[PDB]
Structure formats: structure tokens, C-alpha cells
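Remarks on the structure that follows.
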Amino acid sequence: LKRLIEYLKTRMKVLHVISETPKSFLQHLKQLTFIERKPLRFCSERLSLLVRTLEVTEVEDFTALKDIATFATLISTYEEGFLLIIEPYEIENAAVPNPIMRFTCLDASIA
Amino acid sequence: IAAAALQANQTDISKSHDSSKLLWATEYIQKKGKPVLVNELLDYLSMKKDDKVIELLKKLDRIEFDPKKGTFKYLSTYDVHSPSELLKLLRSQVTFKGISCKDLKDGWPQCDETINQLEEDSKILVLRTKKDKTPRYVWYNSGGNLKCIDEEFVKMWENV
Amino acid sequence: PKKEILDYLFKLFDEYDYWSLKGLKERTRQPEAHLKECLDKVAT
Amino acid sequence: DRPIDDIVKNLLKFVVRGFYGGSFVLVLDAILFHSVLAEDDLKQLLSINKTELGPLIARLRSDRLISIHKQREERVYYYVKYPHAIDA
């Protein structure tokens, strides 16, 4: 998970707008590091079981990793009808450009 | 006779200032690499209950209070004792401020050594003195080879 | 004389914050290399 | 920005890396990693002296690489003119 956060940090610092597939993100993931689709699906269950066993009830620092496990299991299950958008401007009208990765649901019939 | 002189010169820890007692406690904590229990403190200074000394020691940043057993240990600034951790720290640098080697010697007693072999491995961006090759403020080797091309070729590019 | 002069200098910074180094000389009247090592451990 | 501009930045980087001294490499890498710099902020960031800063800045003038800037807020600033660097 720490090296997954390392991959997310080094893919975070882009300069311009990128709109890639989940397949392209997974391919660059396996190209750079050795993180695979089935562990990225299983990470949500693994983190839930780790939090239940560990008894870490002050999850105030720990509540953010739900987003990362959510995104990882989402992008490692869904690849079509969905696009991964990567932008250098979280706030376009800002003093400094905070960048952003965006996920897009494109079909509403799925749910 | 030397023990008699040491017992005569053994000042009671009820000092004028509590900061001498604190400094002696932090010295005795620092000189042992392992965590030590409360009984080491109670034997060291003539103080038994959980005092203001123990409460401020728990509140101290360099001292880790243990809810498990009451083990008190020194906390170093750099929690890196491996080259892999050092390289990951250097990769995770958010600014280009150099990092000193004395507080890496805190925690990692052979750290300047490993810095020398990684510079030999061209794994860092070292700053060194001219009196001697000195481990100092260092940066992550985002470059290629440090010892890339020979000095005669460097000298003829200087001629260029 | 390490332990006593640490309490004495604790009193000295309690007496005044920016105490002079030249004024530290007569308040110690001790070996200055010992004093320089003791000064570096706490403050300036 | 432009990926060709990123190629230009890595190009200047590799030119100094493979063909200049390490102090020049560190100076140019610092001013590309950051942006335009006051000299005091750079001296803080590298903890160096102006005596060491001198010949580096002078040789980077000599190769027509660093575009200095002078304006009062007098405050010294440094950047690189891209066509001057490319044509040099």
C-alpha cells in the first residue's frame, strides 16, 4: 500500500490534462512497479479485515485510505464504459495548480 | 576508597532545578539503545510515583511512553537504518533542502559509512568539504552517472 | 563540574534571555572549552 | 505544458550533467525544479557562499545560458531565455 501511494504520488505530479483508460493506467502500473489487478481488487477486503483485526478505532487518520481502496477496486474491476482523467488543475481559478486524477462513470444503466 | 569518594560526591537528585534530573535521565536513556522500563528511572533518580517528571517525560517527543509495559525509549529524528529506507526517503523528498548526517547518525550509527558506499554506487547527490570528503547535506540522485566520463574528456570540453 | 553549572546556567537564562558571552565569562570563571561545550547543548 | 518543452528541460539537464561540473548541475537542477530565484533564497536552500556562487554564474553567463533579472521590490533574479539558450 505504501508503494501504491508512492505510485499515486509520482503519477500525481503531471503537468497537463490526460484522459487515459483504466487499462492504460494498469499497464503503466505493471510497467513501473509490480502492482497487479487482482490485489488491487482485493485491497478493499484486505484493508477492512486489517482494520477489524487491528482494533484501530481512532480511524481519524485512517479514514482517507478508504478512498484509495475504493478507487483501486473500482479501477481494477471496471475498464470499459469508464475513463480515468488526469488534470493539473484541481482548482482552475487558483493561485497554485493543485493537480487531480478524475474517474468518470459514463453509463448510467450499470447500477 | 574510590567508591567512598563517589558516594560522598553523589549529589541527591533533589536538585535546585529539575532540568538537570531531566538531562541525566535523557542521557541514561540515550546511552542505551533498547527501551527501558520505569524501574530503571526509579533506580536512577530518587523518585518513585508517576511524578510531574514522569508525566513530562511521557509528554516529551524524544521519549516514547509505552501503554504495553511502560518501556521508555529514545526517539531519533531519522527512523532510517537501511540504505533501502534512505533511498526511499530520498525519493520521497518534497523539497530540495539538504539533509544533515549527524541526525542520521542519530538512529543509524553507521550511516555516513553507507552514504560513502552509496556515493561509490552513485546513488546520491553528495555535498562534501575540501578538507576531507564529508557526508553532509545530500540529495537524491535523479542524475545519471556521477562518475560518468573521465577527466581528460572533461578537460577538453572545458577547452571547448 | 558539569552538573552544577547546568543548573547555574538554567538560572542564568532565567535571569536574562540574551545573556552576553563576555558576561558568561565572569559568571562561570571556569574553563571556557568546558563552558563552550555546555553552552552548545541547550541554547545560544 | 509542452512535452517538447519538457524534452528541452531534460536536454539542458543532460547537457550540464554530462558536460559540466556538479555545482553547475545542482544550480541548474535547483532552478528548474523551482522557478526564478533570489540569490538569498538559493543560498539558504544550498547553504553555500557567494564566493562559490561566483564562477558558476560567470560561466553560465559565458555560455549564454542564464538570463539574469534585476528589479527592486534591488532584488536579483535568474531565468533562462529559451531561444538564446537554443541558439547558443
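Note that we place each Cβ from the backbone using ideal geometry, even for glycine, and neighbour counts take in every protein chain shown. Where a number appears in this text, it was derived from the coordinates with a stated rule and is not lab data.
Residue-wise HN-Hα couplings along segment C:6-16, as the Karplus relation 6.51 cos²θ - 1.76 cosθ + 1.60 with θ = phi - 60° gives them from phi, are 5, 5, 5, 6, 4, 4, 6, 6, 5, 6, 7 Hz; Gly and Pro carry x. In a simple Cβ point-charge model (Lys, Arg +1; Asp, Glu -1; nothing else charged), the protein assembly as shown has a dipole of about 620 debye relative to its Cα centre. Using a cutoff of 8 angstrom between alpha carbon atoms and counting only pairs six or more residues apart, the relative contact order for chain B works out to 15 percent. In this structure, the amide hydrogen of D:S67, modeled 1.01 Å from its nitrogen in the peptide plane, lies closer than 5 angstrom to those of D:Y79, D:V80, D:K81, counting only residues at least 5 positions away or on a different chain. Converting phi to 3J(HN,Hα) with the Karplus coefficients 6.51, -1.76 and 1.60 and the offset θ = phi - 60°, segment D:56-69 yields 5, 4, 5, 6, 6, 5, 5, 8, 6, 10, 7, 8, 6, 9 Hz in sequence order, with x at every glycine or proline. Amide H to amide H under 5 Å from A:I100: which residues, 5+ apart in sequence or cross-chain, H placed 1.01 Å off N in plane? Those qualifying (amide H under 5 Å, at least 5 residues apart or on another chain) are A:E87, A:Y89, A:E90.
With 29 Å as the limit on Cα-Cα distance, the pairs of B:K97/C:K11; B:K88/D:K70; A:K9/B:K155; B:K97/D:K70 that go past it are B:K97/C:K11; B:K88/D:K70; A:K9/B:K155.
Look at the dipole of chain C built from charges on Cβ: of C:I5, C:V42, C:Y18, the Cα furthest out on the positive end belongs to C:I5.
Under a GNM of chain B (C-alpha, springs under 10 Å), which listed residue has the highest mean-square fluctuation: B:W108, B:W139, B:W24? In this elastic network of chain B, the residue with the biggest mean-square fluctuation among B:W108, B:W139, B:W24 is B:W24. Put the Cα centre of segment A:21-35 next to the Cα centre of segment D:26-46 and the gap is 34 Å. Using Cβ point charges alone (K and R +1, D and E -1), the dipole size of segment D:3-83 about the Cα centre works out to roughly 260 debye. In order along segment B:72-87, the Karplus-derived 3J(HN,Hα) couplings, from 6.51 cos²θ - 1.76 cosθ + 1.60 at θ = phi - 60°, round to 9, 9, 5, 10, 8, 6, 9, 8, 10, 10, 9, x, 4, 5, 5, 5 Hz, and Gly and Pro are given as x. For D:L37, the residues whose amide H sits under 5 Å from its own are D:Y78, ignoring neighbours fewer than 5 places away on the same chain, with H placed 1.01 Å from N.
Exposure proxy shown here: for D:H84, B:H17, the number of other Cβ atoms within 10 Å sets the order, fewest to most, as D:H84, B:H17.
Within a straight-line Cα-Cα reach of under 26 Å, B:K48 can be paired with the following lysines, leaving aside sequence neighbours fewer than 8 residues apart in one chain: B:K15, B:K21, B:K31, B:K32, B:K34, B:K58, B:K59, B:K68, B:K69, B:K73, C:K2, C:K3.
Relative contact order of chain A, taken over Cα pairs closer than 8 Å and 6 or more residues apart, is 34 percent. A dipole drawn for segment A:30-78 from +1 and -1 charges on Cβ atoms has a positive end, and of A:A69, A:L40, A:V51 the residue lying farthest that way is A:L40.
With a simple spin-label model that places each label point 7 Å from the Cα along the Cα-to-Cβ direction, the separation between D:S62 and B:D66 comes to 6.2 nm.
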